[PDB]
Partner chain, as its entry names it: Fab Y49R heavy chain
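Okay, here we've got a single chain as structure tokens, the form deposited without its partner chain, with questions on binding and movement later.
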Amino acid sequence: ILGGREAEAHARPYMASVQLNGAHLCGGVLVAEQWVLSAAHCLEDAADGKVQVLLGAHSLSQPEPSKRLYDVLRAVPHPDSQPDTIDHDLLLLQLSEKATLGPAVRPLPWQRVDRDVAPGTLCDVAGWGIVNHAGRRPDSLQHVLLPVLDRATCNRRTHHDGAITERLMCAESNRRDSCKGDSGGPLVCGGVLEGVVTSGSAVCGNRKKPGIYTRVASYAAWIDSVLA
């Protein structure tokens, strides 16, 4: 997260760290007691690796009473996701057991009705991704409030040049943005999950390249089917 601040510890009890061989790989969001939603490209590399989910964390490294590392019983990338595209970039991870809930671990409601978030709406993005261009990784959860950008403008040639489908949304990315290691993390509006961070684009915090997020409401049928 570039241009943000350290989040209040455990104030986002839905926040998950998707880990590969004990190292933070992607953000994720607890959407049911036993299920974490993230981005498919997070796994599109993992292969042999041991995939786990850390819940209840603020610091990735430091002792905390609420921290709990879960194995994953199944990893379900969206069947239409593809390594060379930003489309359908969702990943559901089933935890080895239902998460132990408490003040620091709680699923977040997610939008099932397929309607766009209104342009200008301020939404919260959280994660442990890099916080500057030098690529330094923060140890504790960061977050930033970003205004939603109208899809039309986001699709302008200088921006994303027609790549933003009705299944995607954008947020402004000027000095503030999600970055490498923030992929899979949640875009939350008024306490509701609306978006998941998609593929890291080559430059973080570039105003001509708005952040791109997968619209969870657009994939509600798919999500529901997996969870059922």
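Positions refer to the first chain, counted from 1.
The same protein also exists as the form solved in complex with its partner chain; that form is not shown, yet it is the one meant from here on.
Chemist: So which of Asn155, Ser140, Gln94, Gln82 reaches within 4.5 angstroms of its partner chain in the bound PDB entry, heavy atom to heavy atom?
Modeler: Checked against the cut-off, the match is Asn155.
Chemist: According to a 4.5 angstroms non-hydrogen atom cut-off, is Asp150 in contact with its partner chain in the bound PDB entry?
Modeler: Yes, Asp150 sits close enough to its partner chain in the bound PDB entry that at least one of its heavy atoms falls within 4.5 Å.
Chemist: Although its partner chain is absent from this view, report whether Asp45 comes within 4.5 Å of it in the bound PDB entry, heavy atoms only.
Modeler: No.
Chemist: According to a 4.5 angstroms non-hydrogen atom cut-off, is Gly162 in contact with its partner chain in the bound PDB entry?
Modeler: It does: once its partner chain is placed as it appears in the bound PDB entry, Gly162 has a heavy atom within 4.5 Å of it.
Chemist: Exactly one stretch in 162-170, 64-72, 36-44, 49-57 has heavy atoms within 4.5 Å of its partner chain in the bound PDB entry; which is it?
Modeler: Of the options, only 162-170 has residues within 4.5 Å of the partner.
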